[PDB]
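# could you work out the structure for the sequence below:
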Amino acid sequence: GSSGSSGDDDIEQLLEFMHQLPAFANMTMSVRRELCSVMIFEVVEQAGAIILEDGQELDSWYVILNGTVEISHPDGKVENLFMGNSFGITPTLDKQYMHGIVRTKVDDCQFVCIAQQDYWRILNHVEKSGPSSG
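Numbering: from 1, shown residues only. Here you go, the structure:
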């Protein structure tokens, strides 16, 4: 990826942005940096794309990095989230099921996927402080 940004310390540059968002602020910095090491990089190019379907075993945490995402419910409700909001699963081992259909509102929408386990091994106080990457 050729883009104006530091190399030696890439995560750092990204961290600064993490703080900007509330969802990423709810947890101390350390947790943020750790997540960046256990979070996937994904960005939807074609707007109006489906992010999650109704009745799907949510096992990964999603966070709106850029763009707006609209959520639809089977009952007749439609939520509206904006850059900064979070959705997907909770930091608790407890799993959950999607109760609606998510769809982007604009193009060039960025997002991030984080495994539950790693999501409950950082924020929480599990035996392993950080992820094992070696």
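
# please identify the buried residues of stretch 29-43?
31, 32, 33, 34, 35, 36, 38, 39 (16 or more other Cβ atoms under 10 Å). C-beta coordinates here come from the backbone N, C-alpha and C atoms, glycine included.

# please disregard the earlier target; I meant stretch 41-59.
44, 51, 52, 58.

# helices of this protein, start to end?
In the chain, the helices defined using DSSP state H lie at 10-20, 29-35, 116-122.

# so which elements touch the longest one?
Secondary structure elements in contact with helix 10-20, counted by 3 or more Cβ pairs under 8 Å, 6 or more residues apart in numbering; DSSP states H and E, are helix 29-35.

# now the helix it packs on - C-alpha only, CSV.
Provided in CSV are the C-alpha atoms of helix 29-35 (Å, rounded to 0.1, in the frame of the first residue of the first chain):
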residue,chain,number,x,y,z
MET,A,29,-5.1,2.9,24.8
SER,A,30,-3.1,-0.3,25.4
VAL,A,31,-6.3,-2.2,24.5
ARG,A,32,-6.5,-0.2,21.2
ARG,A,33,-3.0,-1.0,20.1
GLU,A,34,-3.6,-4.6,21.0
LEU,A,35,-6.8,-4.7,18.9
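
# from now on call the first residue 196
That works, and once the first residue is 196, the last one we named lands at helix 224-230.

# I'd say residue 305 and residue 262 touch.
Yes - at 6.6 Å, residue 305 and residue 262 qualify as touching, with contact defined as Cβ atoms under 8 Å.
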